[PDB]
Amino acid sequence: XXXXXXXXXXXXXXXXXXXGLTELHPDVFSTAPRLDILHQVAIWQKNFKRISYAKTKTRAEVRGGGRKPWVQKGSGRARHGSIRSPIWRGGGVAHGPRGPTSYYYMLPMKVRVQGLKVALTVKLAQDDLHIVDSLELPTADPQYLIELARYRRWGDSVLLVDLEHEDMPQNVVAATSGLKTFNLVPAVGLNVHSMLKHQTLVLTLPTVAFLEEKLXXXXXXXXX
Amino acid sequence: XXXXXXXXXXXXXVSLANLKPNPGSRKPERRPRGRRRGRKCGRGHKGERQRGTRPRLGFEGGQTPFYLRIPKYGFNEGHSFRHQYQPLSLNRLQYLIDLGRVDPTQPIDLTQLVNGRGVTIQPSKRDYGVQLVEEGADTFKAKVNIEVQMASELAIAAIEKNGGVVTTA
Amino acid sequence: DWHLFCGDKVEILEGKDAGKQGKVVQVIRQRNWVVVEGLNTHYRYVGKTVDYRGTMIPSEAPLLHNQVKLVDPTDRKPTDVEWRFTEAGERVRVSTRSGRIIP
RNA sequence: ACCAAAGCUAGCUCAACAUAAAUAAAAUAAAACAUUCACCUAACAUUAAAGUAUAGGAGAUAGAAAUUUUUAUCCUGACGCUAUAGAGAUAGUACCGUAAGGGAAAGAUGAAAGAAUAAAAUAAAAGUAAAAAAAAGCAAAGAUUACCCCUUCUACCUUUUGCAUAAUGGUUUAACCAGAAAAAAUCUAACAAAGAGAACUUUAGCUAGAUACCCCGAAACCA
């Protein structure tokens, strides 16, 4: 049995501190990340969000009449039916989007679960994943966050998953206000799309706890 | 081995632009436009095959159809009113015993067999019975009670031989 | 809720004429612009053919209202408009700095 | 440089939410046709039963029921489209028909006329610019001169055993315009005697994704 040991650095996030120690055992890690699964999950996530509102009018749905513009023979002109025909510039298209549909589909649970798992592994081994005990934002201002990201040399895009959404106003207020770099989201609302959207992941101890619980229970349910 | 080789080199961090499918994952859908197959889109020259009005399937071209020359039997008559019974092998049972499932007599029943994912769902089967066809019964484990609708002779034999109890309902 | 009205002394914070102060001759709400006295001088042609004498006259071209700000009667400084109700029981527009009534 | 293109903006589709009476047919499908025909007129929610029980020139096709499973609001728009697209609509006007009815085309300077700022001036058509020494040419190429004569070659397309064919279609140019259906299968992945979001399959299966079946035209019938 190979046990992966990951070091969790506790940051009191005031300033000038990279010092912290916690021993983490992320059994959720996978040997080789699947690109195919991740791609399918991304494509699917892009797929069920489609509104499918594209509309047109077939020749039958055209306001124009179905009367014959002239006689079949003797006129000297070409043979023609109603002017709502697609061959006419007053008509529509037959193969057009007009008929509606739904571009989504039902993806197996093990596939999407293994997708989030593999993605988490990718972010893990990429050094872009950091674990903390807690989060503190006493001053709660954009300048503090920016200078923190610049001084601590974090990633260009960092996804912060900490809160259970039920507490800690001081953080959320400053974090959700006018910030392009950092994004916020509850621990129970963590998804693969959000992780792949950002180049850097930062999780806290409860977040990692619930995450590893959910992922170990899903891996144990998929193995059994 | 692949984890160490992927962690050793510094990659592009795998942006969404770096996502690529495995070889042969998705087919490069063929478009009829081209000089590859001229103007017929693979329908050939004329005929009724070209038209979308082409004849329906199950048609031999006006000669007497294949199914019309075949006599009739009660094969289909069965699938309606037949009394459904599902055979179960003793090998599956002893396998369940070897899987570390529930040992004692009292809790054992068809419901527990349902929870163990070892049963076949019969939604379209009316009046569903349960039967046991003998197999894999050689030197199988002992002291196990089984309650079924109707058990075959060799099933009751095999079960009772090792000290098991056969419950017929 | 409107910004500029005809007859007030206004200041310009943008353009070639920026910094200058002057009264407003006319306000058009169609194209959303104002005209300041003796500002944004441009050429205009009024000719006389019978008298053979053409006459070119300078005129004030309409300026965007977004580049123009009102002047408070007291502070005399350019400022934004705010809507308030005074103690006299009146609906008025005053400076965002002082309490002087613009109308 | 000439007729000319090129520069924007109205405008809307669709989803969601808010709010004085009386059985209609037929064409058609069953490559004819005659019993028959999902469908349409009004009431008809989801999963599964199930394309099953049955019905039918037992042909085409039609097709349930018993029974099963289900769920609280609050969270709005675009991997829809621009004058040939999207409604026909700057409009049911002009105009046509006795009538019912049918049904169009149509705007751009600039922040400001303050009327010479713009930036290209190349689509088919004639002007600046015609054939040129007694020479032949499905219209060019190899040579040759900064041009030409000489030599080497039977238009395209469609339909056909076979067309340069005196078989078919085309004045030219621009623009518009005609292969959108996964059962079984091959293939890429998930798990594996199990797969799959309480529904089915299963002596290696099961689930998901990806692969193949285009338009115009009658003479007539019925209301």
# chains A, B, ... in the order shown; residues from 1 in each chain; ligands from 1
call {"tool": "select_by_dssp", "arguments": {"residues": "chain C", "states": "strand (DSSP E or B)", "output": "MDAnalysis selection string"}}
result
chainID C and resid 9:12 21:28 33:36 41:47 54:60 63:64 68:71 78:79 81:85 91:95 101
call {"tool": "interface_residues", "arguments": {"of": "chain B", "to": "chain D", "cutoff": "7 Å", "atoms": "only C-alpha atoms (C1' of nucleotides)", "output": "list in words"}}
result
residues 24, 25, 26, 27, 29 and 124 of chain B
call {"tool": "residues_around", "arguments": {"residues": "residue 42 of chain C", "least_positions_apart": "5", "cutoff": "8 Å", "atoms": "only C-alpha atoms (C1' of nucleotides)", "output": "VMD selection string"}}
result
(chain C and resid 58 to 61) or (chain D and resid 114)
call {"tool": "write_last_selection", "arguments": {"atoms": "N, CA, C and O atoms (P, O5', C5', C4', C3', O3' and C1' of nucleotides)", "output": "PDB file, in the first residue's frame"}}
result
ATOM      1  N   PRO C  58     -19.360  83.783 -37.009  1.00  0.00           N
ATOM      2  CA  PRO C  58     -19.066  82.760 -36.002  1.00  0.00           C
ATOM      3  C   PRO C  58     -20.303  82.391 -35.188  1.00  0.00           C
ATOM      4  O   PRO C  58     -21.113  83.265 -34.876  1.00  0.00           O
ATOM      5  N   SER C  59     -20.442  81.113 -34.851  1.00  0.00           N
ATOM      6  CA  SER C  59     -21.580  80.659 -34.059  1.00  0.00           C
ATOM      7  C   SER C  59     -21.173  79.573 -33.071  1.00  0.00           C
ATOM      8  O   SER C  59     -20.103  78.973 -33.195  1.00  0.00           O
ATOM      9  N   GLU C  60     -22.035  79.326 -32.092  1.00  0.00           N
ATOM     10  CA  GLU C  60     -21.757  78.346 -31.050  1.00  0.00           C
ATOM     11  C   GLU C  60     -22.382  76.995 -31.380  1.00  0.00           C
ATOM     12  O   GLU C  60     -23.605  76.862 -31.425  1.00  0.00           O
ATOM     13  N   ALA C  61     -21.536  75.996 -31.610  1.00  0.00           N
ATOM     14  CA  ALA C  61     -22.006  74.650 -31.907  1.00  0.00           C
ATOM     15  C   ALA C  61     -22.403  73.921 -30.626  1.00  0.00           C
ATOM     16  O   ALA C  61     -21.746  74.071 -29.597  1.00  0.00           O
TER      17      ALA C  61
ATOM     18  P     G D 114     -26.193  75.214 -41.412  1.00  0.00           P
ATOM     19  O5'   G D 114     -24.920  75.927 -40.772  1.00  0.00           O
ATOM     20  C5'   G D 114     -24.083  75.227 -39.864  1.00  0.00           C
ATOM     21  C4'   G D 114     -22.620  75.431 -40.169  1.00  0.00           C
ATOM     22  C3'   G D 114     -22.167  75.077 -41.580  1.00  0.00           C
ATOM     23  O3'   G D 114     -22.415  76.122 -42.509  1.00  0.00           O
ATOM     24  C1'   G D 114     -20.685  74.113 -40.007  1.00  0.00           C
TER      25        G D 114
END
call {"tool": "interface_residues", "arguments": {"of": "chain A", "to": "chain B", "cutoff": "7 Å", "atoms": "only C-alpha atoms", "output": "PyMOL selection string"}}
result
chain A and resi 31-32+35-36+39+125-126
call {"tool": "write_last_selection", "arguments": {"atoms": "N, CA and C atoms", "output": "PDB file, in the first residue's frame"}}
result
ATOM      1  N   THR A  31      -2.863   7.595  -9.833  1.00  0.00           N
ATOM      2  CA  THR A  31      -1.579   7.465 -10.513  1.00  0.00           C
ATOM      3  C   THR A  31      -1.532   8.306 -11.789  1.00  0.00           C
ATOM      4  N   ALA A  32      -2.319   7.915 -12.786  1.00  0.00           N
ATOM      5  CA  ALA A  32      -2.373   8.643 -14.049  1.00  0.00           C
ATOM      6  C   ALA A  32      -3.722   9.328 -14.255  1.00  0.00           C
ATOM      7  N   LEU A  35      -7.309  12.132 -19.340  1.00  0.00           N
ATOM      8  CA  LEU A  35      -7.639  13.298 -20.151  1.00  0.00           C
ATOM      9  C   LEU A  35      -8.992  13.115 -20.830  1.00  0.00           C
ATOM     10  N   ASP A  36      -9.290  11.874 -21.202  1.00  0.00           N
ATOM     11  CA  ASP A  36     -10.533  11.547 -21.893  1.00  0.00           C
ATOM     12  C   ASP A  36     -11.743  11.818 -21.005  1.00  0.00           C
ATOM     13  N   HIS A  39     -12.196  15.525 -20.406  1.00  0.00           N
ATOM     14  CA  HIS A  39     -12.708  16.161 -21.612  1.00  0.00           C
ATOM     15  C   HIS A  39     -14.197  15.884 -21.790  1.00  0.00           C
ATOM     16  N   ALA A 125      -1.123  17.284  -7.862  1.00  0.00           N
ATOM     17  CA  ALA A 125       0.253  17.022  -8.285  1.00  0.00           C
ATOM     18  C   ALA A 125       0.885  18.191  -9.043  1.00  0.00           C
ATOM     19  N   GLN A 126       0.078  19.194  -9.373  1.00  0.00           N
ATOM     20  CA  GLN A 126       0.558  20.347 -10.128  1.00  0.00           C
ATOM     21  C   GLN A 126       1.077  21.437  -9.194  1.00  0.00           C
TER      22      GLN A 126
END
call {"tool": "interface_residues", "arguments": {"of": "chain A", "to": "chain D", "cutoff": "7 Å", "atoms": "only C-alpha atoms (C1' of nucleotides)", "output": "PyMOL selection string"}}
result
chain A and resi 53-55+63+79-80+87+89+95+107-108+110-111
call {"tool": "residues_around", "arguments": {"residues": "residue 118 of chain B", "least_positions_apart": "4", "cutoff": "12 Å", "atoms": "only C-alpha atoms (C1' of nucleotides)", "output": "ChimeraX atom specification"}}
result
/B:88-89,91-97,99,101,110-114 /D:193-194
call {"tool": "write_last_selection", "arguments": {"atoms": "C-alpha atoms (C1' of nucleotides)", "output": "PDB file, in the first residue's frame"}}
result
ATOM      1  CA  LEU B  88     -31.385 -20.319  -9.423  1.00  0.00           C
ATOM      2  CA  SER B  89     -28.117 -22.243  -9.157  1.00  0.00           C
ATOM      3  CA  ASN B  91     -23.364 -22.294  -7.013  1.00  0.00           C
ATOM      4  CA  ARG B  92     -24.631 -18.724  -6.717  1.00  0.00           C
ATOM      5  CA  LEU B  93     -25.907 -19.539  -3.230  1.00  0.00           C
ATOM      6  CA  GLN B  94     -22.658 -21.034  -1.928  1.00  0.00           C
ATOM      7  CA  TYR B  95     -20.950 -18.073  -3.588  1.00  0.00           C
ATOM      8  CA  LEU B  96     -23.121 -15.783  -1.461  1.00  0.00           C
ATOM      9  CA  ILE B  97     -22.076 -17.847   1.552  1.00  0.00           C
ATOM     10  CA  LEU B  99     -18.916 -13.604   0.021  1.00  0.00           C
ATOM     11  CA  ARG B 101     -23.075 -12.371   3.528  1.00  0.00           C
ATOM     12  CA  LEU B 110     -35.780 -13.315  -0.685  1.00  0.00           C
ATOM     13  CA  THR B 111     -35.700  -9.677   0.468  1.00  0.00           C
ATOM     14  CA  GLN B 112     -32.168 -10.096   1.805  1.00  0.00           C
ATOM     15  CA  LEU B 113     -31.299 -11.702  -1.530  1.00  0.00           C
ATOM     16  CA  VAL B 114     -32.627  -8.567  -3.226  1.00  0.00           C
TER      17      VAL B 114
ATOM     18  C1'   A D 193     -20.829 -11.165 -12.568  1.00  0.00           C
ATOM     19  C1'   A D 194     -22.391  -6.779 -12.742  1.00  0.00           C
TER      20        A D 194
END
call {"tool": "interface_residues", "arguments": {"of": "chain D", "to": "chain C", "cutoff": "12 Å", "atoms": "only C-alpha atoms (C1' of nucleotides)", "output": "number ranges by chain"}}
result
D: 111-115
call {"tool": "write_last_selection", "arguments": {"atoms": "N, CA, C and O atoms (P, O5', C5', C4', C3', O3' and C1' of nucleotides)", "output": "PDB file, in the first residue's frame"}}
result
ATOM      1  P     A D 111     -19.443  61.409 -36.663  1.00  0.00           P
ATOM      2  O5'   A D 111     -20.333  62.424 -35.818  1.00  0.00           O
ATOM      3  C5'   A D 111     -21.067  61.986 -34.686  1.00  0.00           C
ATOM      4  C4'   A D 111     -21.414  63.139 -33.778  1.00  0.00           C
ATOM      5  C3'   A D 111     -21.996  64.368 -34.461  1.00  0.00           C
ATOM      6  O3'   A D 111     -23.382  64.247 -34.729  1.00  0.00           O
ATOM      7  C1'   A D 111     -20.283  65.034 -32.983  1.00  0.00           C
ATOM      8  P     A D 112     -23.957  64.587 -36.191  1.00  0.00           P
ATOM      9  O5'   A D 112     -24.052  66.177 -36.207  1.00  0.00           O
ATOM     10  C5'   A D 112     -24.826  66.868 -35.236  1.00  0.00           C
ATOM     11  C4'   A D 112     -24.334  68.279 -35.037  1.00  0.00           C
ATOM     12  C3'   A D 112     -24.403  69.185 -36.256  1.00  0.00           C
ATOM     13  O3'   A D 112     -25.694  69.738 -36.446  1.00  0.00           O
ATOM     14  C1'   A D 112     -22.277  69.385 -35.239  1.00  0.00           C
ATOM     15  P     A D 113     -26.446  69.576 -37.857  1.00  0.00           P
ATOM     16  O5'   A D 113     -25.756  70.671 -38.782  1.00  0.00           O
ATOM     17  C5'   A D 113     -26.344  71.063 -40.017  1.00  0.00           C
ATOM     18  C4'   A D 113     -25.452  72.017 -40.771  1.00  0.00           C
ATOM     19  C3'   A D 113     -26.071  72.646 -42.018  1.00  0.00           C
ATOM     20  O3'   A D 113     -25.557  73.965 -42.196  1.00  0.00           O
ATOM     21  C1'   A D 113     -24.136  71.439 -42.621  1.00  0.00           C
ATOM     22  P     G D 114     -26.193  75.214 -41.412  1.00  0.00           P
ATOM     23  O5'   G D 114     -24.920  75.927 -40.772  1.00  0.00           O
ATOM     24  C5'   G D 114     -24.083  75.227 -39.864  1.00  0.00           C
ATOM     25  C4'   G D 114     -22.620  75.431 -40.169  1.00  0.00           C
ATOM     26  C3'   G D 114     -22.167  75.077 -41.580  1.00  0.00           C
ATOM     27  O3'   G D 114     -22.415  76.122 -42.509  1.00  0.00           O
ATOM     28  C1'   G D 114     -20.685  74.113 -40.007  1.00  0.00           C
ATOM     29  P     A D 115     -22.105  75.943 -44.081  1.00  0.00           P
ATOM     30  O5'   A D 115     -22.847  74.592 -44.486  1.00  0.00           O
ATOM     31  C5'   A D 115     -22.980  74.223 -45.858  1.00  0.00           C
ATOM     32  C4'   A D 115     -22.015  73.127 -46.239  1.00  0.00           C
ATOM     33  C3'   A D 115     -21.746  72.975 -47.735  1.00  0.00           C
ATOM     34  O3'   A D 115     -20.399  72.537 -47.913  1.00  0.00           O
ATOM     35  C1'   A D 115     -22.636  70.961 -46.894  1.00  0.00           C
TER      36        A D 115
END
call {"tool": "residues_around", "arguments": {"residues": "residue 102 of chain C", "least_positions_apart": "5", "cutoff": "12 Å", "atoms": "only C-alpha atoms (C1' of nucleotides)", "output": "PyMOL selection string"}}
result
chain C and resi 3-5+7-10+70-76+78-84+91-96
call {"tool": "select_by_dssp", "arguments": {"residues": "segment 63-108 of chain B", "states": "alpha helix (DSSP H)", "output": "CSV table (one decimal) with N, CA, C and O atoms, in the first residue's frame"}}
result
chain,number,residue,atom,x,y,z
B,75,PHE,N,-45.9,-20.5,-30.4
B,75,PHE,CA,-44.7,-19.9,-29.7
B,75,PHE,C,-45.0,-18.5,-29.1
B,75,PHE,O,-44.5,-18.3,-28.0
B,76,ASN,N,-45.7,-17.7,-29.8
B,76,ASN,CA,-46.0,-16.3,-29.3
B,76,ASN,C,-47.1,-16.4,-28.3
B,76,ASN,O,-47.2,-15.5,-27.4
B,77,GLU,N,-48.0,-17.4,-28.4
B,77,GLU,CA,-49.1,-17.5,-27.5
B,77,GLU,C,-48.6,-17.7,-26.0
B,77,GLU,O,-49.3,-17.3,-25.1
B,78,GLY,N,-47.4,-18.3,-25.9
B,78,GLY,CA,-46.9,-18.6,-24.6
B,78,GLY,C,-46.5,-17.3,-23.8
B,78,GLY,O,-46.9,-17.1,-22.7
B,79,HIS,N,-45.7,-16.4,-24.5
B,79,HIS,CA,-45.1,-15.2,-23.9
B,79,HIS,C,-46.2,-14.4,-23.1
B,79,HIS,O,-45.8,-13.6,-22.3
B,80,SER,N,-47.4,-14.5,-23.5
B,80,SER,CA,-48.5,-13.8,-22.9
B,80,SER,C,-48.9,-14.4,-21.5
B,80,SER,O,-48.7,-13.8,-20.5
B,81,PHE,N,-49.4,-15.6,-21.6
B,81,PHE,CA,-50.1,-16.2,-20.4
B,81,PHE,C,-49.2,-17.2,-19.6
B,81,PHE,O,-49.7,-17.8,-18.7
B,90,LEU,N,-27.3,-23.4,-7.2
B,90,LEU,CA,-26.8,-23.5,-5.8
B,90,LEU,C,-25.3,-23.0,-5.8
B,90,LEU,O,-24.9,-22.6,-4.7
B,91,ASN,N,-24.7,-22.9,-6.9
B,91,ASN,CA,-23.4,-22.3,-7.0
B,91,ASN,C,-23.4,-20.8,-6.6
B,91,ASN,O,-22.5,-20.3,-5.9
B,92,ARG,N,-24.4,-20.1,-7.1
B,92,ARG,CA,-24.6,-18.7,-6.7
B,92,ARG,C,-24.8,-18.6,-5.2
B,92,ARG,O,-24.3,-17.7,-4.6
B,93,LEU,N,-25.6,-19.5,-4.7
B,93,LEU,CA,-25.9,-19.5,-3.2
B,93,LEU,C,-24.7,-19.7,-2.4
B,93,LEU,O,-24.4,-18.9,-1.5
B,94,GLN,N,-23.9,-20.8,-2.7
B,94,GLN,CA,-22.7,-21.0,-1.9
B,94,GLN,C,-21.7,-19.9,-2.2
B,94,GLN,O,-20.8,-19.6,-1.3
B,95,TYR,N,-21.8,-19.2,-3.3
B,95,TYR,CA,-20.9,-18.1,-3.6
B,95,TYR,C,-21.3,-16.9,-2.6
B,95,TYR,O,-20.5,-16.2,-2.1
B,96,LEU,N,-22.6,-16.8,-2.4
B,96,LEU,CA,-23.1,-15.8,-1.5
B,96,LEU,C,-22.7,-16.1,-0.1
B,96,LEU,O,-22.4,-15.2,0.7
B,97,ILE,N,-22.6,-17.4,0.3
B,97,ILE,CA,-22.1,-17.8,1.6
B,97,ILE,C,-20.6,-17.5,1.7
B,97,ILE,O,-20.1,-17.2,2.8
B,98,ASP,N,-19.9,-17.6,0.6
B,98,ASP,CA,-18.4,-17.3,0.6
B,98,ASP,C,-18.1,-15.9,0.5
B,98,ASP,O,-17.0,-15.5,0.6
call {"tool": "residues_around", "arguments": {"residues": "residue 26 of chain C", "least_positions_apart": "4", "cutoff": "7 Å", "atoms": "only C-alpha atoms (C1' of nucleotides)", "output": "PyMOL selection string"}}
result
chain C and resi 6+34-35
call {"tool": "write_last_selection", "arguments": {"atoms": "C-alpha atoms", "output": "tab-separated table (two decimals), in the first residue's frame"}}
result
chain	number	residue	atom	x	y	z
C	6	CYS	CA	-31.54	77.15	-20.14
C	34	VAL	CA	-26.37	72.19	-24.89
C	35	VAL	CA	-25.13	75.49	-26.34
call {"tool": "atom_distance", "arguments": {"atom1": "atom CA of residue 40 of chain C", "atom2": "atom CA of residue 55 of chain C"}}
result
19.2 Å
call {"tool": "residues_around", "arguments": {"residues": "segment 200-204 of chain A", "least_positions_apart": "2", "cutoff": "7 Å", "atoms": "only C-alpha atoms (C1' of nucleotides)", "output": "PDB file with N, CA, C and O atoms, in the first residue's frame"}}
result
ATOM      1  N   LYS A 123      -4.840  18.920 -10.118  1.00  0.00           N
ATOM      2  CA  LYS A 123      -4.550  20.141  -9.375  1.00  0.00           C
ATOM      3  C   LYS A 123      -3.597  19.869  -8.210  1.00  0.00           C
ATOM      4  O   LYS A 123      -2.752  20.699  -7.882  1.00  0.00           O
ATOM      5  N   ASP A 128      -0.383  23.330  -7.475  1.00  0.00           N
ATOM      6  CA  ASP A 128      -1.315  24.449  -7.423  1.00  0.00           C
ATOM      7  C   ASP A 128      -2.351  24.267  -6.319  1.00  0.00           C
ATOM      8  O   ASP A 128      -3.194  25.135  -6.099  1.00  0.00           O
ATOM      9  N   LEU A 129      -2.287  23.133  -5.628  1.00  0.00           N
ATOM     10  CA  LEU A 129      -3.212  22.854  -4.537  1.00  0.00           C
ATOM     11  C   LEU A 129      -2.548  23.071  -3.182  1.00  0.00           C
ATOM     12  O   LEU A 129      -1.496  22.498  -2.898  1.00  0.00           O
ATOM     13  N   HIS A 130      -3.167  23.902  -2.350  1.00  0.00           N
ATOM     14  CA  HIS A 130      -2.643  24.169  -1.015  1.00  0.00           C
ATOM     15  C   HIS A 130      -3.709  23.945   0.052  1.00  0.00           C
ATOM     16  O   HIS A 130      -4.882  24.255  -0.153  1.00  0.00           O
ATOM     17  N   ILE A 131      -3.293  23.402   1.191  1.00  0.00           N
ATOM     18  CA  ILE A 131      -4.217  23.111   2.280  1.00  0.00           C
ATOM     19  C   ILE A 131      -3.918  24.004   3.482  1.00  0.00           C
ATOM     20  O   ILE A 131      -2.760  24.194   3.849  1.00  0.00           O
ATOM     21  N   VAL A 132      -4.966  24.565   4.077  1.00  0.00           N
ATOM     22  CA  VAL A 132      -4.824  25.451   5.229  1.00  0.00           C
ATOM     23  C   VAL A 132      -5.745  24.995   6.360  1.00  0.00           C
ATOM     24  O   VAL A 132      -6.686  24.237   6.131  1.00  0.00           O
ATOM     25  N   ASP A 133      -5.468  25.445   7.580  1.00  0.00           N
ATOM     26  CA  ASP A 133      -6.332  25.146   8.716  1.00  0.00           C
ATOM     27  C   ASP A 133      -7.577  26.026   8.710  1.00  0.00           C
ATOM     28  O   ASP A 133      -8.683  25.554   8.975  1.00  0.00           O
ATOM     29  N   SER A 134      -7.393  27.308   8.410  1.00  0.00           N
ATOM     30  CA  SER A 134      -8.503  28.256   8.392  1.00  0.00           C
ATOM     31  C   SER A 134      -8.211  29.450   7.487  1.00  0.00           C
ATOM     32  O   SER A 134      -7.206  29.472   6.776  1.00  0.00           O
ATOM     33  N   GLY A 155      -1.083  31.902  -7.495  1.00  0.00           N
ATOM     34  CA  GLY A 155      -1.331  31.770  -8.920  1.00  0.00           C
ATOM     35  C   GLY A 155      -2.059  32.969  -9.496  1.00  0.00           C
ATOM     36  O   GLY A 155      -2.548  33.825  -8.758  1.00  0.00           O
ATOM     37  N   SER A 157      -4.823  32.801 -11.180  1.00  0.00           N
ATOM     38  CA  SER A 157      -6.231  32.566 -10.882  1.00  0.00           C
ATOM     39  C   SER A 157      -6.370  31.546  -9.759  1.00  0.00           C
ATOM     40  O   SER A 157      -5.969  30.392  -9.905  1.00  0.00           O
ATOM     41  N   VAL A 158      -6.939  31.977  -8.639  1.00  0.00           N
ATOM     42  CA  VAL A 158      -7.056  31.121  -7.465  1.00  0.00           C
ATOM     43  C   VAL A 158      -8.511  30.907  -7.058  1.00  0.00           C
ATOM     44  O   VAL A 158      -9.252  31.865  -6.836  1.00  0.00           O
ATOM     45  N   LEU A 159      -8.912  29.643  -6.962  1.00  0.00           N
ATOM     46  CA  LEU A 159     -10.254  29.299  -6.507  1.00  0.00           C
ATOM     47  C   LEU A 159     -10.245  28.964  -5.021  1.00  0.00           C
ATOM     48  O   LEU A 159      -9.632  27.983  -4.600  1.00  0.00           O
ATOM     49  N   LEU A 160     -10.926  29.785  -4.227  1.00  0.00           N
ATOM     50  CA  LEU A 160     -10.972  29.583  -2.786  1.00  0.00           C
ATOM     51  C   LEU A 160     -12.214  28.807  -2.364  1.00  0.00           C
ATOM     52  O   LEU A 160     -13.333  29.307  -2.473  1.00  0.00           O
ATOM     53  N   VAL A 161     -12.014  27.583  -1.885  1.00  0.00           N
ATOM     54  CA  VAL A 161     -13.108  26.809  -1.315  1.00  0.00           C
ATOM     55  C   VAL A 161     -12.863  26.605   0.175  1.00  0.00           C
ATOM     56  O   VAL A 161     -11.996  25.826   0.570  1.00  0.00           O
ATOM     57  N   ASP A 162     -13.632  27.311   0.996  1.00  0.00           N
ATOM     58  CA  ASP A 162     -13.447  27.274   2.440  1.00  0.00           C
ATOM     59  C   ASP A 162     -14.759  27.079   3.192  1.00  0.00           C
ATOM     60  O   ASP A 162     -14.979  26.058   3.845  1.00  0.00           O
ATOM     61  N   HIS A 198      -9.872  27.590 -12.938  1.00  0.00           N
ATOM     62  CA  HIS A 198      -8.776  28.311 -12.295  1.00  0.00           C
ATOM     63  C   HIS A 198      -7.469  27.521 -12.323  1.00  0.00           C
ATOM     64  O   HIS A 198      -7.475  26.293 -12.404  1.00  0.00           O
ATOM     65  N   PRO A 206     -11.758  21.865   7.013  1.00  0.00           N
ATOM     66  CA  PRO A 206     -13.091  21.262   6.889  1.00  0.00           C
ATOM     67  C   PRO A 206     -13.453  20.917   5.445  1.00  0.00           C
ATOM     68  O   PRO A 206     -14.064  19.876   5.199  1.00  0.00           O
ATOM     69  N   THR A 207     -13.074  21.784   4.510  1.00  0.00           N
ATOM     70  CA  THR A 207     -13.334  21.550   3.093  1.00  0.00           C
ATOM     71  C   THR A 207     -12.681  20.254   2.627  1.00  0.00           C
ATOM     72  O   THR A 207     -13.321  19.426   1.982  1.00  0.00           O
ATOM     73  N   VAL A 208     -11.407  20.082   2.968  1.00  0.00           N
ATOM     74  CA  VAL A 208     -10.677  18.865   2.630  1.00  0.00           C
ATOM     75  C   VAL A 208     -11.313  17.653   3.308  1.00  0.00           C
ATOM     76  O   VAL A 208     -11.365  16.568   2.730  1.00  0.00           O
TER      77      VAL A 208
END
call {"tool": "atom_distance", "arguments": {"atom1": "atom CA of residue 40 of chain A", "atom2": "atom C1' of residue 182 of chain D"}}
result
20.3 Å
call {"tool": "atom_distance", "arguments": {"atom1": "atom CA of residue 112 of chain A", "atom2": "atom CA of residue 191 of chain A"}}
result
10.2 Å
